[PDB]
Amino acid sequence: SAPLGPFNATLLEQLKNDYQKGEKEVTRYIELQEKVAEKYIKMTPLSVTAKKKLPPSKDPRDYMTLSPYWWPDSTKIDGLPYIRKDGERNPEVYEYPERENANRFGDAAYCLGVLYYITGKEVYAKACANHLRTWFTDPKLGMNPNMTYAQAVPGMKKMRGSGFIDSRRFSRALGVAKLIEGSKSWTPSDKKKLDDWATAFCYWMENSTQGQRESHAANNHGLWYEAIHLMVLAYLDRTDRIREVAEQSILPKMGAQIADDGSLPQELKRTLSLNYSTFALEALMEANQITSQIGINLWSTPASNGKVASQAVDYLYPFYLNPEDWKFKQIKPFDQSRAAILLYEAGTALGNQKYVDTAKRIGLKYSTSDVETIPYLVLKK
């Protein structure tokens, strides 16, 4: 039975079980994963400190990115204040190294942590530990436990908390650290430092003005905040906080953000409305992976007004079959393959065989290196 963390635990346990029983199809799949993971063993661990332009705090350990849809105003002599173009990512984002480096670190730690859980090979713990140590707890290279300067916007006067959604990059990694506990490489001293970091991070996201405001956001951001919250709480073994968050924040938000016909109106007004509808349901999917490990099914548990998250899947399913029928603003092509994991996750949670069949038909590539697809051999056949 798997430790509590940010993954489909049913799929992980069944992979680990069939690997240990020497079943051939899984064993061959895991060996492919082991050859994918080799580059993460060699990979030099990343740090948020690897940047030149320092945040206003003058501290390189503070995470800082640019908010993606904000662009310099050509009609101003300095381009300030930046203006918003919903759905059009400003390539300046890539001048902030932590934007892609937190994504790379997250992939490395998640891949190595899962393969350690599945094979028991210490080489995977040792490498995962090296990434976790450097990114999180190192007294020089570790990030400070806050998201103060995430998605800054040049010229913007007010402080904002929307950047907190960047945290999902490293928070999955934070949760996977629990899989390497008991290894020879993850020492008790290593565990205490990360526990203390996660405690400091949970405090900040629950009590800073930015984290409070993000906890009250009325769209997919509010759902993703709670998805991240659950990973932090799950890492810290606070399963009663997970129950409280699900019932006092996630279910109310789901009850407010789903409309009577099952649409997500807050996402319907975006320039990538099919992306953001799906993005909201992805925040529910990752939350549910955690809550359902303690008996809480967020796809079928009603909000106080009777609405259930499966209604929003129902609304979107015809368009996952045919993204071209989508009749709302969508200024870039929807990636249909996002519906594979999503329909598989919601389909199984609901005993909806039509959803699971459609997930497997859409499928995932057997030899893809996309580290999020590791548990989903079930979709690669």
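From 1 onward, residues are counted along the sequence shown.
Point to revise | Mean C-alpha B-factor comparison - 58 to 66 and 352 to 360, higher one | key: Higher mean C-alpha B-factor: 352 to 360.
Review point. Mean C-alpha B factor from the entry: is it higher for 20 to 28 or for 364 to 372?
Key: That would be 20 to 28.
**Study point:** Largest Cα B-factor, entry values, listed residues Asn220, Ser189, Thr209, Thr137
**Key:** Out of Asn220, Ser189, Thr209, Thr137, the record gives the largest C-alpha B-factor to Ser189.
Review point. Whose CA atom has the top B-factor in the entry, of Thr75, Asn305, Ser171, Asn275?
Key: The listed residue with the largest C-alpha B-factor is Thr75.
Review point. Ranked by Cα temperature factor within the chain, is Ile83 in the lowest third, the middle third or the highest third?
Key: Answer is lowest: the recorded C-alpha B-factor places it there.
Practice item. Taking the chain's C-alpha temperature factors as the reference, tell me which third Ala312 falls into: lowest, middle or highest. Key: According to the entry, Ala312 has a C-alpha B-factor in the chain's middle third.
Practice item. Compare the C-alpha B factor of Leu251 with those of the other modelled residues in its chain, then answer lowest, middle or highest third. Key: For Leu251, the deposited C-alpha B-factor lands in the middle third.
Exercise for review: Going by the recorded CA B-factors, say which third of the chain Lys35 sits in, lowest, middle or highest.
Suggested key: Highest third of the chain for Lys35's C-alpha B-factor.
**Study point:** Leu281 by Cα B-factor - lowest, middle or highest third of the modelled chain
**Key:** For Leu281, whose C-alpha B-factor we compare with every modelled residue in the chain, the answer is the middle third.
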